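Protein chains in written order, with the authors' numbering: chain B, 65 to 164, 168 to 211; chain A, 65 to 211.
See structure below.
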């Protein structure tokens with residue numbers, strides 16, 4: 065069962081934790097009996113739909129080369145719209161195997180802000196005073 | 065040539081604005097000369113990936129019946145992950161035609177409603193789906209929005 069490993073970390077500092085993720089899935093697959101075709105990684109947010117590695121994964125899947133995609137948690141593949149990726153892959157007959168995070172809270176808070184900042188711009192103005200009010204307030208509120 | 069109309073409104077009260085949507089696109093199409101194969105609608109949030117209409121649209125496109133999808137704004141198809149839907153459709157050789165751009169004007173009420181749900185879900189993920197600190201952040205953000 066030809067497999068493609070997708071691993072992702074948000075920050076550059078977390079570079080060591082990404083290699084551990086690849087390694088978990090690499091040994092996971094070779095114990096399961098999967099031949100690891102390729103290993104695709106990214107040091108970016110789950111929110112970015114234009115990740116270089118993710119778009120290489122899309123092309124790999126579409127090329128009907130691989131049979132299964134391995135990720136540690138759903139969170140790794142994408143923050144939002146997993147179901148759409150699941151649908152794109154399934155039409156190519158590719159299954160997503162989710163091996164399991169209670170760990171990441173800093174990733175959830177950081178992703179929350181970036182959403183609030185973009186939406187605040189859409190609601191009040193990308194260079195408005197009220198946008199700054201909400202984002203400075205929310206940042207202070209999480210501190211508590 | 066063969067076209068499918070996708071229209072969406074978040075609330076039941078906005079039922080009049082959904083029919084206006086369908087109409088803009090139905091005529092747009094007859095002017096484009098496109099034959100409108102089907103019209104799919106939904107009274108739900110862009111955040112819901114499991115909309116009955118969206119999933120009927122997915123099956124229609126996958127069946128290679130339709131050639132183009134018409135929407136007024138990207139926003140209508142989905143709040144997040146438009147690029148994934150765009151990719152799913154393109155592999156079936158279906159194009160998404162977005163009639164409008166940076167035109168949203170009333171959209172501020174849908175953006176704030178979606179923003180509250182996002183903060184509520186994330187608060188659960190950060191503090192606990194039934195936690196005290198989750199209630200603290202969501203009650204605070206709601207109060208901060210008023211101002």
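Even for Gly, the Cβ is constructed at its ideal location relative to N, Cα and C.
Review point. Can you tell which of A:148, A:190 and A:170 has the C-alpha that lies nearest to the C-alpha of residue 170 of chain B?
Key: A:190
Practice item. Output yes if chain A places a C-beta closer than 8 Å to the C-beta of residue 78 of chain B; else output no. Key: Residue 78 of chain B does not count as touching chain A.
Practice item. Pull up the distance between the alpha-carbon of residue 91 of chain B and that of residue 115 of chain B, whole angstroms please. Key: 25 Å
Point to revise | Cβ shell of residue 150 of chain A (< 8 Å), same chain only, five flanking positions each side left out | key: 160
Practice item. Could you spell out the range, first to last residue, of the beta strand (DSSP E) harbouring residue 171 of chain A? Key: Element bounds for residue 171 of chain A: n/a, residue is neither H nor E.
**Study point:** residue 99 of chain A - partner residues in DSSP beta bridges
**Key:** Beta-bridge pairing links residue 99 of chain A to A:66.
Point to revise | Contact list for residue 189 of chain A against chain B, beta-carbon separation under 7 Å | key: 175
Review point. Which partner residues of residue 71 of chain B appear in the DSSP bridge assignment?
Key: Note: residue 71 of chain B is bridge-paired with B:105 in the DSSP secondary-structure output.
Review point. Just the Cα atoms here: how many angstroms apart are residue 35 of chain A and residue 96 of chain A?
Key: Missing from the structure shown is residue 35 of chain A; chain A here goes from 65 to 211 and no further.
**Study point:** For residue 160 of chain A, the residue or residues it bridges with in DSSP
**Key:** A:133
**Study point:** Distance between residue 176 of chain A and residue 75 of chain A (C-alpha atoms, nearest Å)
**Key:** Cα-Cα distance, rounded: 13 Å.
Point to revise | Residue closest to residue 98 of chain A, alpha-carbon to alpha-carbon, out of A:134, A:110 and A:117 | key: A:134
Practice item. Just the C-alpha distance for residue 131 of chain A and residue 180 of chain B, rounded to the nearest angstrom, thanks. Key: 39 Å
Check your understanding: Are the C-beta atoms of residue 145 of chain B and some chain A residue less than 8 Å apart?
Key -> yes
Review point. Who are the near neighbours of residue 192 of chain A in its chain, counting only those whose CB is closer than 7 Å to its CB and skipping five residues on each side?
Key: Here the set comprises 198.
Check your understanding: Is the beta carbon of residue 142 of chain B less than 8 Å from the beta carbon of residue 145 of chain A?
Key -> For residue 142 of chain B and residue 145 of chain A, yes; Cβs fall inside 8 Å.
Exercise for review: Give the single residue among B:82, B:112 and B:187 whose Cα lies nearest to the Cα of residue 103 of chain B.
Suggested key: That would be B:82, whose Cα lies nearest to the Cα of residue 103 of chain B.
Review point. Comparing alpha-carbon positions, which option in B:86, B:136, B:101 and B:158 lies nearest residue 126 of chain B?
Key: For residue 126 of chain B, the closest C-alpha among the options B:86, B:136, B:101 and B:158 is that of B:158.
Review point. Cβ of residue 186 of chain B less than 8 Å from any chain A Cβ?
Key: For residue 186 of chain B, the nearest beta carbon of chain A is closer than 8 Å to its own beta carbon.
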